[PDB]
Amino acid sequence: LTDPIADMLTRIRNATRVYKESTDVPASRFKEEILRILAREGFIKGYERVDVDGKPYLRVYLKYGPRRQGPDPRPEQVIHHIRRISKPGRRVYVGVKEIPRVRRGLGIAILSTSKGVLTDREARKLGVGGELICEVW
Amino acid sequence: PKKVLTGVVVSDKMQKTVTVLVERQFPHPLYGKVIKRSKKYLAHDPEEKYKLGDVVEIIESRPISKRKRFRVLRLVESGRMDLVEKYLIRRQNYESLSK
Amino acid sequence: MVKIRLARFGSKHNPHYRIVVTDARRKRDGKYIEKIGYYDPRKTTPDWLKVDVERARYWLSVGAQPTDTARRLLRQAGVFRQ
Amino acid sequence: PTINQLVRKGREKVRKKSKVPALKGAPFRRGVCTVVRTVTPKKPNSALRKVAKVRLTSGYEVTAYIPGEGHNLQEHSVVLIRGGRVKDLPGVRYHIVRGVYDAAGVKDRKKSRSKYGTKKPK
Amino acid sequence: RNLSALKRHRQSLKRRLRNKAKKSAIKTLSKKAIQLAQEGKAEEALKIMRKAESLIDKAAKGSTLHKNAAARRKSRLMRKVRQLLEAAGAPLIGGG
Amino acid sequence: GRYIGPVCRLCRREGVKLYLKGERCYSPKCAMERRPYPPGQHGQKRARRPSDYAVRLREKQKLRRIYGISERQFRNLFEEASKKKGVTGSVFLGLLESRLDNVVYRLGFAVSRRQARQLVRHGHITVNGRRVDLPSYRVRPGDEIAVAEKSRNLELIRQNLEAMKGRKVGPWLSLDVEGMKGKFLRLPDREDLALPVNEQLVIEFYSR
RNA sequence: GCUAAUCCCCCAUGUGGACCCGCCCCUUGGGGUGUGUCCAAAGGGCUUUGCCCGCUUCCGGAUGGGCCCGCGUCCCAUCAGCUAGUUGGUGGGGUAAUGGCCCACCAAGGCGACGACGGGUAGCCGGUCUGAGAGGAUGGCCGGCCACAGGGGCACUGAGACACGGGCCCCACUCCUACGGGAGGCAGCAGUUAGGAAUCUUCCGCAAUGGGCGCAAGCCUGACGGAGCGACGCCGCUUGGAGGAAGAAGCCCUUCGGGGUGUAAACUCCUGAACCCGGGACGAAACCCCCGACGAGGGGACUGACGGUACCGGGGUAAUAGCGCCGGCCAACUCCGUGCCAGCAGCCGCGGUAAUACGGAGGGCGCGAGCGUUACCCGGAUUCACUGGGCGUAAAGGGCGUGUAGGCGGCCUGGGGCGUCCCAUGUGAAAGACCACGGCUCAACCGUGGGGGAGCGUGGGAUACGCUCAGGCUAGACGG
RNA sequence: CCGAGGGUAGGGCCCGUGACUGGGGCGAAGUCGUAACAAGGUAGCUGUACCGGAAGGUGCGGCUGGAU
Ligand code: SF4
Ligand SMILES: [Mg+2]
Ligand SMILES: [Mg+2]
Ligand SMILES: [Mg+2]
Ligand SMILES: [Mg+2]
Ligand SMILES: [Mg+2]
Ligand SMILES: [Mg+2]
Ligand SMILES: [Mg+2]
Ligand SMILES: [Mg+2]
Ligand SMILES: [Mg+2]
Ligand SMILES: [Mg+2]
Ligand SMILES: [Mg+2]
Ligand SMILES: [Mg+2]
Ligand SMILES: [Mg+2]
Ligand SMILES: [Mg+2]
Ligand SMILES: [Mg+2]
Ligand SMILES: [Mg+2]
Ligand SMILES: [Mg+2]
Ligand SMILES: [Mg+2]
Ligand SMILES: [Mg+2]
Ligand SMILES: [Mg+2]
Ligand SMILES: [Mg+2]
Ligand SMILES: [Mg+2]
Ligand SMILES: [Mg+2]
Ligand SMILES: [Mg+2]
Ligand SMILES: [Mg+2]
Ligand SMILES: [Mg+2]
Ligand SMILES: [Mg+2]
Ligand SMILES: [Mg+2]
Ligand SMILES: [Mg+2]
Ligand SMILES: [Mg+2]
Ligand SMILES: [Mg+2]
Ligand SMILES: [Mg+2]
Ligand SMILES: [Mg+2]
Ligand SMILES: [Mg+2]
Ligand SMILES: [Mg+2]
Ligand SMILES: [Mg+2]
Ligand SMILES: [Mg+2]
Ligand SMILES: [Mg+2]
Ligand SMILES: [Mg+2]
Ligand SMILES: [Mg+2]
Ligand SMILES: [Mg+2]
Ligand SMILES: [Mg+2]
Ligand SMILES: [Mg+2]
Ligand SMILES: [Mg+2]
Ligand SMILES: [Mg+2]
Ligand SMILES: [Mg+2]
Ligand SMILES: [Mg+2]
Ligand SMILES: [Mg+2]
Ligand SMILES: [Mg+2]
Ligand SMILES: [Mg+2]
Ligand SMILES: [Mg+2]
Ligand SMILES: [Mg+2]
Ligand SMILES: [Mg+2]
Ligand SMILES: [Mg+2]
Ligand SMILES: [Mg+2]
Ligand SMILES: [Mg+2]
Ligand SMILES: [Mg+2]
Ligand SMILES: [Mg+2]
Ligand SMILES: [Mg+2]
Ligand SMILES: [Mg+2]
Ligand SMILES: [Mg+2]
Ligand SMILES: [Mg+2]
Ligand SMILES: [Mg+2]
Ligand SMILES: [Mg+2]
Ligand SMILES: [Mg+2]
Ligand SMILES: [Mg+2]
Ligand SMILES: [Mg+2]
Ligand SMILES: [Mg+2]
Ligand SMILES: [Mg+2]
Ligand SMILES: [Mg+2]
Ligand SMILES: [Mg+2]
Ligand SMILES: [Mg+2]
Ligand SMILES: [Mg+2]
Ligand SMILES: [Mg+2]
Ligand SMILES: [Mg+2]
Ligand SMILES: [Mg+2]
Ligand SMILES: [Mg+2]
Ligand SMILES: [Mg+2]
Ligand SMILES: [Mg+2]
Ligand SMILES: [Mg+2]
Ligand SMILES: [Mg+2]
Ligand SMILES: [Mg+2]
Ligand SMILES: [Mg+2]
Ligand SMILES: [Mg+2]
Ligand SMILES: [Mg+2]
Ligand SMILES: [Mg+2]
Ligand SMILES: [Mg+2]
Ligand SMILES: [Mg+2]
Ligand SMILES: [Mg+2]
Ligand SMILES: [Mg+2]
Ligand SMILES: [Mg+2]
Ligand SMILES: [Mg+2]
Ligand SMILES: [Mg+2]
Ligand SMILES: [Mg+2]
């Protein structure tokens, strides 16, 4: 497996699209810190470190909207959109002045900085940049 | 300051001179990705103390000969023949790129 | 010598000099060492003269040589007052 | 392509192919006429289009259109040419400028006169 | 068809003479002393070597030698003579 | 220079009265009053649906035709507005307004801007004292726009000065008859003018 | 053959400076010291036992340079191998100085898919143009650097040149002549000719700014300041304004009733470009002269090419409009003529007897001392796609493996801090652009202030992620 | 000694041109047939090979992107 991060986000995107309550992703002290942001900002209900066949995972509790009126009652997503920015194929790094404004404020950019994993908003606050991990809304 | 660079010695076959290979990374000015580029410097070694495989630092210096404008600053590591392999094997592949 | 003099900017029938320190061997309107003030000979504004005085005294100490018609605009700003 | 591939091979800026080579980068070029005759257009048109073969200051010899109704061009007629093909006469890629050198303006143009080198009337 | 550039060429020819003549001598002497110093013959080497050094610095007064040339010619002159007398010694005058 | 020809055909093509003459503009001898249909052979033919392009051309031309201004000069202002802070549409109208010849006609010294030019051009107008004969002078707030002294005694300006005694002048302007002098107070809010122009459609013309 | 000097030389003098050897600090040849040796000079002038300008050796400043190094700098791989002064060494030559820059000897090295070598094209930058940006294209004018001076080579003089209007030599070409012999180098300003689609006056002045020489007066300055030509560009301005018929003539259309041109014209009145007359600049206050001290400081005067021009005043004439287009894209429609002809055309397409598409006409649309065409650049073109595309059938998966370089890589802990991120600081010239203001009656143009930046150097910090080193693990992989 | 260049000799790359010749594009108002598109009247296409005025044919093997 070549990108653990991209893998996680996709495990999520894929599940959210058939409306699973949760999904398991292989555990990591870096992936968690990202989940810590996904939950805090209310994209997920949250996560808990579980175990499958002796091996550490992160069970991720997914969140959606109301049932709907019309022929397609499938609720709206909370995570409509999540995608790698930086990648192993091309590391993407921004300085503070060039951190993007996701979706006109309504979305976030998680980034990894030397002050930990932050959002665009938070990064601007401590005034640091870093590897732009991804974008969510 | 006098520019200082670090690299592997790939040749000791000159008298009082070593070929030191210095490597560097930088993002592609358009495609972003971090890319490596390398370069050989003829470094002055009056003492013939530097061996093949040494990792060393070299400091820009007043010109010693045509092409030699660096003296060897100091030893850093010894016995990196694995680096020397990477270079030597690459040159050996060149016999296979011709016609 | 290095010189203090008058580089003409502005335009036709509309002079506007920059009193400036430059090498004598430069062309008039060429790269100068340092700007130190300006001078509107047509006097068309309230300060048709400005001169950093603190600076012009330095260059003189260090050997700069002003032109005649620059020596004056240094008198008029009293760079010379003893 | 992958990003690495692009680092490796780059993208290719595609060059343009001039459509008026005989001009050798000039706005116009002077010439002399060799053959001055009529040509028949391709389907679906039918006519007798007026054409001059012109030998250039730029080394080249080309067929150029003679616009207007009627002309005074014959062998040895000196002529200035401009660019622009005539879609229906393949190989013709240039126009003779009326009103220049031995190419007379059109007798009795009233409309669009500048394009035909016809002076203003009384 | 005229100029005082002519004048300036007229002069260069004359300065050229005085220069070349001066430089000739320096080499004649330096080599003379170096020759002596080889077969040294120490007093004489040193004697001529002084006559050189004098003439060198004399040349450095004007356009003939830039000061650093004079320095350099002197430096190499002396080094040669001394190290030559090392193959037999010993310094009979000055110097030094 | 500027348009300088039959000026009633302008209104008829525009489908609206533009007050390009002055007096006869208010009479029933006005062209729009008699033939409120486009000049020339086909004016009475049933108009067919104008295209979008068509529409924005007219709104632009109409605004332009009002000021008697050349298309370049019009452009250069607009572009100026596009670089200048704020809502371009407002600022554009504002800058169109600050033209000497317009200011003069707004302060009533003339019956038509077309007459307000020849006044400025013939130096009968001045600003802050000094004479100005430039129909394009960009008037700023605070300026005193007066009739020339040597022109105060003139038949036509008299007749025209007599006509303003109590007709009220826009909120951005003050006027002192007898003193023959007016004053430029501020740039017009859009409401301060009510020209038959959706100025937005003008922006839309220049973004193609 | 003779004669002068700030020309040349000789000795003396030594603050100093140079050089060899030793020593101390440093640390590439930096600073000091001891012995030895070696090197200075030119006087002119006035108000004349005192000034001024020169002359000499040294130190430091300033300014301008040389050399060196990191990174950046186009097309072709149908150019894949290149290299003998080649790569390094030792000694020496040379220079201001390092260096194969040059030589002698020794060693066998140096370079190249990260694209050497070769071919092609190009002076590079500040900038410019376009573009939402990213990018693309470009390097004219202005500023910075480089290179060159008919084509080559060379050195001399000199602080500095291997010297555009200096020298030597060879070549090509032209000219002069008295036919023996000589001359020249506009890629300085104008100007001629050739070439070309095409690009200026053999003008004026040193008044201003600047430069050279001079104690200074001052002399020279095709730098420059201005004037001339050209709609080449941008900016400004004019050919008028108001009033004026249910609306002439003419011309165009028509259902023959009328509709259009058109308030357009006439005509009436108001203004007043041009043109006349008078006056008339800013740019110029220094240098010098005065007293003071030849300084600080205060007064004297000279001087303007542009130019009797701008501009101010007074008088005063209604006074140039053209060009493209009107099938769709695209804003603008009818009549005649023509009849797959003559012709139009950017693409699609028009024309074969009722053509809004040809030609004329009336009318209309668009711009206006301009309009249009041709050429070229970016745009639309996410149609080379980083931003921002694609590959079952549209163009596009290698015939399949194996595998070199490379690119990329699981979980946990530490060390380092290369990428990365932050702070400080230097640099990031001037002009241009951007925001403010201000001067030419506006503008264009121009001036004063402001705002920054990427990117590189330096110092300090952070350590999530990528890297690197080190120690663990078993979910990948491999083995039993 | 080196040295502009000149001379002798042999090489490499590129441009122009050349009796004649090979196909190609186009035009179109012709001659000859009718190979493909329908089961296109022998399913088609295919690499290769031999052959025929010409499209083409046949052999071998492959593909369906073949009608019934
Ligand atoms: S009369 Fe006044 S308003 Fe009516 S048309 Fe003529 S100008 Fe326009
Ligand atoms: Mg991206
Ligand atoms: Mg060496
Ligand atoms: Mg046809
Ligand atoms: Mg010819
Ligand atoms: Mg036409
Ligand atoms: Mg002289
Ligand atoms: Mg001799
Ligand atoms: Mg000297
Ligand atoms: Mg010399
Ligand atoms: Mg104009
Ligand atoms: Mg609309
Ligand atoms: Mg705006
Ligand atoms: Mg109105
Ligand atoms: Mg109104
Ligand atoms: Mg636009
Ligand atoms: Mg004598
Ligand atoms: Mg002496
Ligand atoms: Mg050798
Ligand atoms: Mg050496
Ligand atoms: Mg030298
Ligand atoms: Mg060499
Ligand atoms: Mg490399
Ligand atoms: Mg390549
Ligand atoms: Mg070439
Ligand atoms: Mg070139
Ligand atoms: Mg774009
Ligand atoms: Mg270029
Ligand atoms: Mg150019
Ligand atoms: Mg330049
Ligand atoms: Mg040359
Ligand atoms: Mg030469
Ligand atoms: Mg020449
Ligand atoms: Mg020559
Ligand atoms: Mg010279
Ligand atoms: Mg020369
Ligand atoms: Mg040179
Ligand atoms: Mg020169
Ligand atoms: Mg010359
Ligand atoms: Mg004779
Ligand atoms: Mg002779
Ligand atoms: Mg001559
Ligand atoms: Mg010609
Ligand atoms: Mg000329
Ligand atoms: Mg000129
Ligand atoms: Mg002068
Ligand atoms: Mg002067
Ligand atoms: Mg002097
Ligand atoms: Mg002159
Ligand atoms: Mg009627
Ligand atoms: Mg009527
Ligand atoms: Mg009529
Ligand atoms: Mg009628
Ligand atoms: Mg009228
Ligand atoms: Mg004056
Ligand atoms: Mg048009
Ligand atoms: Mg259009
Ligand atoms: Mg239309
Ligand atoms: Mg006919
Ligand atoms: Mg007809
Ligand atoms: Mg048309
Ligand atoms: Mg027509
Ligand atoms: Mg568009
Ligand atoms: Mg693009
Ligand atoms: Mg294009
Ligand atoms: Mg992409
Ligand atoms: Mg596509
Ligand atoms: Mg296909
Ligand atoms: Mg396959
Ligand atoms: Mg194969
Ligand atoms: Mg590998
Ligand atoms: Mg790796
Ligand atoms: Mg990892
Ligand atoms: Mg680590
Ligand atoms: Mg770091
Ligand atoms: Mg910075
Ligand atoms: Mg700047
Ligand atoms: Mg102003
Ligand atoms: Mg500025
Ligand atoms: Mg900016
Ligand atoms: Mg760490
Ligand atoms: Mg490990
Ligand atoms: Mg396993
Ligand atoms: Mg030779
Ligand atoms: Mg030769
Ligand atoms: Mg010869
Ligand atoms: Mg042929
Ligand atoms: Mg043939
Ligand atoms: Mg068949
Ligand atoms: Mg068939
Ligand atoms: Mg068949
Ligand atoms: Mg077959
Ligand atoms: Mg047959
Ligand atoms: Mg057969
Ligand atoms: Mg098969």
# chains A, B, ... in the order shown; residues from 1 in each chain; ligands from 1
>>> residues_around(residues="residue 199 in chain F", least_positions_apart="2", cutoff="10 Å", atoms="only C-alpha atoms (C1' of nucleotides)", output="PyMOL selection string")
chain F and resi 56+59-60+63+88-90+92-93+190+195-197+201-204
>>> write_last_selection(atoms="N, CA and C atoms", output="compact mmCIF listing (two decimals), in the first residue's frame")
# COMPACT_ATOMS: atom_id res chain seq x y z
N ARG F 56 -27.47 45.47 -25.61
CA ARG F 56 -26.50 46.14 -24.77
C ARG F 56 -25.77 47.18 -25.55
N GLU F 59 -28.18 50.27 -25.16
CA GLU F 59 -28.04 50.91 -23.86
C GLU F 59 -26.70 51.63 -23.75
N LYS F 60 -25.64 51.07 -24.34
CA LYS F 60 -24.35 51.77 -24.28
C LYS F 60 -24.37 53.05 -25.13
N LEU F 63 -26.47 55.95 -23.57
CA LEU F 63 -25.72 56.63 -22.54
C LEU F 63 -24.68 57.51 -23.17
N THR F 88 -18.43 49.98 -10.20
CA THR F 88 -17.95 50.55 -11.44
C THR F 88 -19.07 51.38 -12.10
N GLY F 89 -20.28 50.81 -12.14
CA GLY F 89 -21.44 51.44 -12.75
C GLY F 89 -21.71 52.83 -12.21
N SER F 90 -21.62 52.96 -10.88
CA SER F 90 -21.77 54.24 -10.19
C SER F 90 -20.65 55.18 -10.58
N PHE F 92 -18.63 55.21 -12.91
CA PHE F 92 -18.63 55.55 -14.33
C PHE F 92 -19.52 56.76 -14.60
N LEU F 93 -20.77 56.63 -14.18
CA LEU F 93 -21.75 57.71 -14.27
C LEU F 93 -21.18 58.94 -13.59
N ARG F 190 -26.16 57.29 -7.33
CA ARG F 190 -26.84 57.08 -8.61
C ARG F 190 -28.24 57.66 -8.60
N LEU F 195 -31.36 58.88 -15.39
CA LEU F 195 -31.21 58.69 -16.85
C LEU F 195 -31.82 57.37 -17.27
N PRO F 196 -32.44 57.34 -18.46
CA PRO F 196 -33.16 56.17 -18.99
C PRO F 196 -32.23 55.00 -19.34
N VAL F 197 -31.31 54.72 -18.41
CA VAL F 197 -30.22 53.81 -18.66
C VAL F 197 -30.05 52.77 -17.60
N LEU F 201 -26.09 47.20 -17.94
CA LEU F 201 -25.98 46.65 -19.29
C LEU F 201 -24.78 47.21 -20.03
N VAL F 202 -24.24 48.32 -19.54
CA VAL F 202 -23.07 48.90 -20.15
C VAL F 202 -21.81 48.12 -19.81
N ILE F 203 -21.57 47.90 -18.53
CA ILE F 203 -20.57 46.95 -18.09
C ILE F 203 -20.63 45.66 -18.94
N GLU F 204 -21.82 45.09 -19.05
CA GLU F 204 -21.98 43.83 -19.74
C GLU F 204 -21.54 43.95 -21.20
>>> select_by_dssp(residues="chain E", states="alpha helix (DSSP H)", output="PyMOL selection string")
chain E and resi 5-38+42-59+67-85
>>> residues_near_ligand(ligand="ligand 83", cutoff="10 Å", atoms="only C-alpha atoms (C1' of nucleotides) and all ligand atoms", output="PDB file with C-alpha atoms (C1' of nucleotides), in the first residue's frame")
ATOM      1  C1'   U G 474       4.308  -8.230  11.882  1.00  0.00           C
ATOM      2  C1'   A G 475      -0.880  -6.635   8.916  1.00  0.00           C
ATOM      3  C1'   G G 476       3.174  -5.990   3.026  1.00  0.00           C
ATOM      4  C1'   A G 477       6.606  -9.241   0.834  1.00  0.00           C
ATOM      5  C1'   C G 478       9.374 -13.740   1.090  1.00  0.00           C
TER       6        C G 478
END
>>> residues_around(residues="residue 98 in chain A", least_positions_apart="6", cutoff="10 Å", atoms="only C-alpha atoms (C1' of nucleotides)", output="PyMOL selection string")
chain A and resi 120+124+129
>>> write_last_selection(atoms="N, CA, C and O atoms", output="CSV table (one decimal), in the first residue's frame")
chain,number,residue,atom,x,y,z
A,120,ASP,N,-6.8,25.3,8.1
A,120,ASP,CA,-6.5,26.5,7.5
A,120,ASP,C,-6.6,27.7,8.5
A,120,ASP,O,-5.6,28.4,8.8
A,124,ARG,N,-3.5,29.7,10.3
A,124,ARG,CA,-3.4,31.2,10.1
A,124,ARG,C,-3.3,31.8,11.5
A,124,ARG,O,-2.5,32.7,11.7
A,129,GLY,N,2.9,27.6,8.3
A,129,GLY,CA,2.5,26.8,7.2
A,129,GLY,C,2.8,25.3,7.3
A,129,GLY,O,3.2,24.9,8.4
>>> interface_residues(of="chain G", to="chain D", cutoff="6 Å", atoms="only C-alpha atoms (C1' of nucleotides)", output="list in words")
residues 197, 340, 374, 375 and 384 of chain G
>>> write_last_selection(atoms="N, CA, C and O atoms (P, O5', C5', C4', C3', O3' and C1' of nucleotides)", output="PDB file, in the first residue's frame")
ATOM      1  P     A G 197       9.756  44.665 -51.450  1.00  0.00           P
ATOM      2  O5'   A G 197       8.795  45.647 -50.651  1.00  0.00           O
ATOM      3  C5'   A G 197       7.522  46.048 -51.175  1.00  0.00           C
ATOM      4  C4'   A G 197       6.783  46.882 -50.167  1.00  0.00           C
ATOM      5  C3'   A G 197       7.650  47.914 -49.471  1.00  0.00           C
ATOM      6  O3'   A G 197       7.716  49.128 -50.199  1.00  0.00           O
ATOM      7  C1'   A G 197       6.416  46.688 -47.857  1.00  0.00           C
ATOM      8  P     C G 340     -25.992  31.898 -65.794  1.00  0.00           P
ATOM      9  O5'   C G 340     -24.557  31.886 -65.056  1.00  0.00           O
ATOM     10  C5'   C G 340     -24.444  31.748 -63.642  1.00  0.00           C
ATOM     11  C4'   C G 340     -23.249  30.908 -63.247  1.00  0.00           C
ATOM     12  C3'   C G 340     -23.124  29.562 -63.971  1.00  0.00           C
ATOM     13  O3'   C G 340     -21.749  29.209 -64.108  1.00  0.00           O
ATOM     14  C1'   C G 340     -23.328  29.189 -61.652  1.00  0.00           C
ATOM     15  P     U G 374      -7.139  41.116 -43.833  1.00  0.00           P
ATOM     16  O5'   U G 374      -5.571  41.089 -44.103  1.00  0.00           O
ATOM     17  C5'   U G 374      -5.074  40.899 -45.424  1.00  0.00           C
ATOM     18  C4'   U G 374      -3.589  41.124 -45.505  1.00  0.00           C
ATOM     19  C3'   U G 374      -2.761  40.454 -44.430  1.00  0.00           C
ATOM     20  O3'   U G 374      -2.548  39.092 -44.692  1.00  0.00           O
ATOM     21  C1'   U G 374      -2.063  42.676 -44.672  1.00  0.00           C
ATOM     22  P     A G 375      -2.430  38.064 -43.477  1.00  0.00           P
ATOM     23  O5'   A G 375      -1.079  38.507 -42.765  1.00  0.00           O
ATOM     24  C5'   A G 375       0.150  38.371 -43.441  1.00  0.00           C
ATOM     25  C4'   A G 375       1.308  38.858 -42.623  1.00  0.00           C
ATOM     26  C3'   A G 375       1.424  38.327 -41.210  1.00  0.00           C
ATOM     27  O3'   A G 375       1.993  37.045 -41.175  1.00  0.00           O
ATOM     28  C1'   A G 375       1.775  40.664 -41.220  1.00  0.00           C
ATOM     29  P     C G 384      -3.470  23.240 -25.647  1.00  0.00           P
ATOM     30  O5'   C G 384      -2.377  22.415 -24.863  1.00  0.00           O
ATOM     31  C5'   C G 384      -2.692  21.630 -23.733  1.00  0.00           C
ATOM     32  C4'   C G 384      -1.424  21.258 -23.033  1.00  0.00           C
ATOM     33  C3'   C G 384      -0.325  22.294 -23.163  1.00  0.00           C
ATOM     34  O3'   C G 384       0.490  22.235 -22.014  1.00  0.00           O
ATOM     35  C1'   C G 384       0.387  20.298 -24.164  1.00  0.00           C
TER      36        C G 384
END
>>> interface_residues(of="chain G", to="chain C", cutoff="8 Å", atoms="only C-alpha atoms (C1' of nucleotides)", output="JSON, numbers by chain")
{"G": [61, 62, 63, 64, 143, 144, 209, 210, 211, 282, 283, 285, 286, 287, 296, 429, 430, 438, 439, 445, 446, 447]}
>>> residues_near_ligand(ligand="ligand 45", cutoff="10 Å", atoms="only C-alpha atoms (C1' of nucleotides) and all ligand atoms", output="PyMOL selection string")
chain G and resi 200-201+228
>>> write_last_selection(atoms="C-alpha atoms (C1' of nucleotides)", output="PDB file, in the first residue's frame")
ATOM      1  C1'   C G 200      13.672  61.663 -40.884  1.00  0.00           C
ATOM      2  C1'   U G 201      16.788  67.756 -41.475  1.00  0.00           C
ATOM      3  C1'   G G 228      12.421  70.381 -39.011  1.00  0.00           C
TER       4        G G 228
END
>>> residues_near_ligand(ligand="ligand 69", cutoff="10 Å", atoms="only C-alpha atoms (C1' of nucleotides) and all ligand atoms", output="ChimeraX atom specification")
/G:397-400
>>> write_last_selection(atoms="N, CA and C atoms (P, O5', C5', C4', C3', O3' and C1' of nucleotides)", output="PDB file, in the first residue's frame")
ATOM      1  P     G G 397      -2.584   2.517 -28.562  1.00  0.00           P
ATOM      2  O5'   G G 397      -3.418   1.802 -27.395  1.00  0.00           O
ATOM      3  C5'   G G 397      -3.120   2.017 -26.017  1.00  0.00           C
ATOM      4  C4'   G G 397      -2.192   0.946 -25.506  1.00  0.00           C
ATOM      5  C3'   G G 397      -2.818  -0.399 -25.283  1.00  0.00           C
ATOM      6  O3'   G G 397      -1.753  -1.336 -25.350  1.00  0.00           O
ATOM      7  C1'   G G 397      -2.063   0.413 -23.226  1.00  0.00           C
ATOM      8  P     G G 398      -1.223  -1.853 -26.771  1.00  0.00           P
ATOM      9  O5'   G G 398       0.021  -0.927 -27.040  1.00  0.00           O
ATOM     10  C5'   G G 398       0.961  -0.606 -26.047  1.00  0.00           C
ATOM     11  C4'   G G 398       2.332  -0.851 -26.583  1.00  0.00           C
ATOM     12  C3'   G G 398       2.655  -2.320 -26.690  1.00  0.00           C
ATOM     13  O3'   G G 398       3.538  -2.522 -27.786  1.00  0.00           O
ATOM     14  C1'   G G 398       4.156  -1.293 -25.178  1.00  0.00           C
ATOM     15  P     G G 399       3.070  -3.461 -28.990  1.00  0.00           P
ATOM     16  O5'   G G 399       2.506  -4.750 -28.260  1.00  0.00           O
ATOM     17  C5'   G G 399       1.315  -5.390 -28.699  1.00  0.00           C
ATOM     18  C4'   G G 399       1.261  -6.792 -28.151  1.00  0.00           C
ATOM     19  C3'   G G 399       1.905  -6.968 -26.775  1.00  0.00           C
ATOM     20  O3'   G G 399       1.021  -6.655 -25.705  1.00  0.00           O
ATOM     21  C1'   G G 399       2.791  -8.568 -28.264  1.00  0.00           C
ATOM     22  P     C G 400       1.549  -6.320 -24.221  1.00  0.00           P
ATOM     23  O5'   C G 400       2.179  -7.692 -23.747  1.00  0.00           O
ATOM     24  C5'   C G 400       1.363  -8.833 -23.511  1.00  0.00           C
ATOM     25  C4'   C G 400       2.175  -9.979 -22.959  1.00  0.00           C
ATOM     26  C3'   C G 400       3.062  -9.645 -21.785  1.00  0.00           C
ATOM     27  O3'   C G 400       2.332  -9.579 -20.574  1.00  0.00           O
ATOM     28  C1'   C G 400       4.312 -10.862 -23.343  1.00  0.00           C
TER      29        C G 400
END
>>> residues_near_ligand(ligand="ligand 8", cutoff="10 Å", atoms="only C-alpha atoms (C1' of nucleotides) and all ligand atoms", output="ChimeraX atom specification")
/E:24-25,27-29,31
>>> select_by_dssp(residues="range 129-172 of chain F", states="strand (DSSP E or B)", output="list in words")
residues 131, 138, 143, 144, 145, 146 and 147 of chain F
>>> residues_near_ligand(ligand="ligand 90", cutoff="8 Å", atoms="only C-alpha atoms (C1' of nucleotides) and all ligand atoms", output="ChimeraX atom specification")
/H:34-36,40-41
>>> residues_near_ligand(ligand="ligand 52", cutoff="12 Å", atoms="only C-alpha atoms (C1' of nucleotides) and all ligand atoms", output="ChimeraX atom specification")
/G:245,247-252,259-262,264-265
>>> interface_residues(of="chain F", to="chain G", cutoff="9 Å", atoms="only C-alpha atoms (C1' of nucleotides)", output="MDAnalysis selection string")
chainID F and resid 1:9 21:24 31 34 39:44 53:54 57:58 70:71 111:112 114:119 121:122 130:138 154:156
>>> atom_distance(atom1="atom 1 (Mg, counted along the ligand's line) of ligand 10", atom2="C1' of residue 160 in chain G")
10.3 Å
